[PDB]
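# Output the structure for:
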Amino acid sequence: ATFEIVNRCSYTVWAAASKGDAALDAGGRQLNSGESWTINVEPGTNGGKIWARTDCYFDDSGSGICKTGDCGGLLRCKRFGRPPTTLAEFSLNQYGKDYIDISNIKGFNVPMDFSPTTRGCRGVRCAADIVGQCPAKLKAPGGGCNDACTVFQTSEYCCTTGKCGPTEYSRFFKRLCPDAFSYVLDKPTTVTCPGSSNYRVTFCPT
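Residues are numbered from 1 along each chain as shown. Shown next is the protein structure:
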């Protein structure tokens, strides 16, 4: 239920944590280079996500915009963020176990390591330079590397009908980051941890 969010990047990021219809803990917070933010996530949180946001500007009330991962213009995120967003995904206390993964299904913006701080399982990582190697048609002018579903809005890329295969675009993400989901029906890279494990999300783990 504790997630330590550490920014090893050389640039500032604004962390965000949500399960889609509500914030987790405060939902969001600035993290300058090297800073750590420990949040509490309620047990049994299903479909929670943590991500980084880049190039944000927020007013005194906490309203503004980010070039990647913006969540309705709020500093304290109440909903998921606009792609591209490397995603740390987690569902806790599901019939006795935690389940974690990293997903590039909504694009890539910041490299990420997602690891337990307690025993019983391994971590996952996507720390390759996906933005620098991004295919031209996936490059997001605002920053990051978009997934093909946000770029092209096709049943095949978005897996709308629950039937879809890998694509030239999903194989790029999978080549650079095998341990992260590259498309909806990707062979699962989910890691089963003991129920009520604790975690650490490190941006730019290097």
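# May I ask you to name the longest strand in this structure?
Criterion DSSP state E: the longest strand present in the chain is strand 48-58.
# Show me what that strand is packed up against.
Packed against strand 48-58 by the contact rule (3 or more C-beta pairs under 8 Å, 6 or more residues apart in numbering; DSSP states H and E) you find strand 2-7, strand 13-18, strand 23-31, strand 64-68, strand 87-94. No exception for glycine: its C-beta is placed from N, CA and C like everyone else's.
# Not counting sequence-adjacent ones, nearest residue to the most centrally placed residue in the chain?
Per C-alpha atoms, centre = their mean, the C-alpha nearest to the average position across the chain is that of residue 87, at 1.3 Å. The shortest distance from residue 87 to any non-neighbouring residue, by C-beta to C-beta, 6 or more residues apart in numbering, is to residue 103 (4.3 Å).
# Next, count neighbours for the residue lying closest to residue 179 once chain neighbours are set aside.
Spatially, and ignoring its direct neighbours in sequence, residue 179 is nearest to residue 124 (4.7 Å; C-beta to C-beta, 6+ apart). Using other C-beta atoms under 10 Å, residue 124 has 22 neighbouring residues.
# what separates residue 124 from residue 169, distance-wise?
21 Å (C-beta to C-beta, to the nearest Å).
# same deal with residue 153?
In terms of C-beta to C-beta, residue 153 sits 13 Å off from residue 169.
# Please apply the same query to residue 202.
In terms of C-beta to C-beta, residue 202 sits 27 Å off from residue 169.
# Residue 43 now?
Residue 43 sits at a distance of 37 Å from residue 169 (criterion: C-beta to C-beta).
# of these two, who's got more company?
Shown here are residue 43 and residue 169; by other C-beta under 10 Å, residue 169 has more neighbours (21 against 11).
# List the contacts of the helix or strand harbouring that one.
Take DSSP states H and E as the rule and residue 169 turns out to sit in helix 168-176. Residues from elsewhere that reach helix 168-176 (C-beta atoms under 8 Å, 6 or more residues apart in numbering): 104, 108, 126, 128-130, 133-135, 138, 147-148, 157, 166, 180, 182-183, 186.
# Just after that helix, pick out the following helix or strand.
Proceeding N to C from helix 168-176, the next assigned helix or strand is strand 191-194, under DSSP H and E.
# For that next one, output the C-alpha coordinates as CSV.
Output of strand 191-194 as CSV, limited to C-alpha atoms (Å, rounded to 0.1, in the frame of the first residue of the first chain):
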residue,chain,number,x,y,z
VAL,A,191,4.2,-10.2,-12.3
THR,A,192,2.3,-11.8,-9.4
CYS,A,193,3.4,-10.5,-6.0
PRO,A,194,2.3,-11.4,-2.5
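# what comes up buried for that strand?
191, 193 (16 or more other C-beta atoms under 10 Å).
# Identify all contacting residues around it.
Taking C-beta under 8 Å, 6+ apart as the rule, strand 191-194 contacts 97-101, 116, 118-124.
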